[PDB]
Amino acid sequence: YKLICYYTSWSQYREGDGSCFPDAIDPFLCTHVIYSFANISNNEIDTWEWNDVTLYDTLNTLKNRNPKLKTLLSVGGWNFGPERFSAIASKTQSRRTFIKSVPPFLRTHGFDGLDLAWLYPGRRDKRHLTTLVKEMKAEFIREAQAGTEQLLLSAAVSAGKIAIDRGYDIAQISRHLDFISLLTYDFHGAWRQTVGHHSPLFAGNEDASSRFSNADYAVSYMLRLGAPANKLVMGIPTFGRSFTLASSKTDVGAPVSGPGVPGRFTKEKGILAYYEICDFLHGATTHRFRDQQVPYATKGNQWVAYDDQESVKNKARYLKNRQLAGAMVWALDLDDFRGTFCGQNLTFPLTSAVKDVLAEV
């Protein structure tokens, strides 16, 4: 089984213990570590942070301890305008320029592959995305003639039914990608004024209409559209989504007024690292959706939807049972990487729980 783990650049800037550098990463934890995110300049792949080539080097030295570890560099991301990706892929010339710049860059910095985080292709992009994947893979096939191990090509893809139908030709890109990471953790959000979980495993026979916003539906749909289970990797959260309640009600459907108050370390409204949630739990009331198989907690007027060791192990068994290639974790810097916030002296409790199940039969 594969255990794909993302590490984010901007996490080096968090204060105190929140600060996370590549060397905090256990070399034997994951099978693949992906550095997010690279940028695109003058239609060529490029660094993002001022110290990226230093962090690239730090990350890739982990391979000195675990020779089987593979690393990839992810291009795109949220702070990367989808339109920008759009313009690059639409024209044969700018596309070909981008494709040619990738191998040397990866070879120079020591990466084993490229991860595409085009978020998200619209209706007009579908055909170009296919073109980008095909041609990028062909270039990787060509570059390997030089005697070096062929570069890997992966992509992070929406788990939303409508997003999938709109921007992806799953049957086509599946044959060219080494693995597809399903972003099965964006099923709810603070864009809608009600309380709900962003990463439920199952539908839940209650207040419905979605019936598509759960990991089980997403996996099934991808398999039906033509993607081989052996290339699918299910995404597992290491963060939680928070809400500010508009009333004293805490159960399903509870009125929301906006995002939750920022965490001391992550400083972003609407989300909390798992290590911040461990602290948040002291004095909070914990609950669990029986049907969806995921937990949530409340304290004062704060409502948090998150994943714990049990829900994550649960998700891992589910993907083993559907015979998928593995799991993807977003992100290592959001898990209790120091291992000093969550109680049981253990580094990366969430990611380790996934690994244990995967190492199981």
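What we label the rigid core is the largest C-alpha set whose atoms superpose within 1.5 Å from one form to the other. Numbers follow the displayed sequence, beginning with 1.
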Check your understanding: Core-aligned, which moves more in 6 other deposited structures of this protein: 225-233 or 204-212, by CA RMS?
Key -> 204-212
Check your understanding: How do 183-191 and 132-140 compare in 6 other deposited structures of this protein: which one has C-alphas farther from this form after the rigid core is matched?
Key -> 183-191
Practice item. State which stretch shows the higher mean Cα B factor in the entry: 289-297 or 332-340. Key: 289-297
**Study point:** Mean C-alpha B-factor comparison - 112-120 and 242-250, higher one
**Key:** 242-250
Point to revise | Highest recorded Cα temperature factor - choice among 127, 198, 231, 107 | key: 127
Review point. Among 187, 275, 98, 217, where is the Cα temperature factor highest, going by the PDB entry?
Key: 187
Exercise for review: Among all modelled residues of this chain, ranked by Cα B factor, put residue 70 in the bottom, middle or top third, i.e. lowest, middle or highest.
Suggested key: lowest
Review point. For residue 158, does the deposited CA B-factor place it in the lowest, middle or highest third of the chain?
Key: lowest
**Study point:** Third of the chain, ranked by Cα B-factor, where residue 152 sits
**Key:** lowest
Study note, to complete from the structure: Among the modelled residues of its chain, the C-alpha B-factor of residue 41 falls in the third labelled highest
**Study point:** Chain-relative CA temperature factor third for residue 352
**Key:** lowest
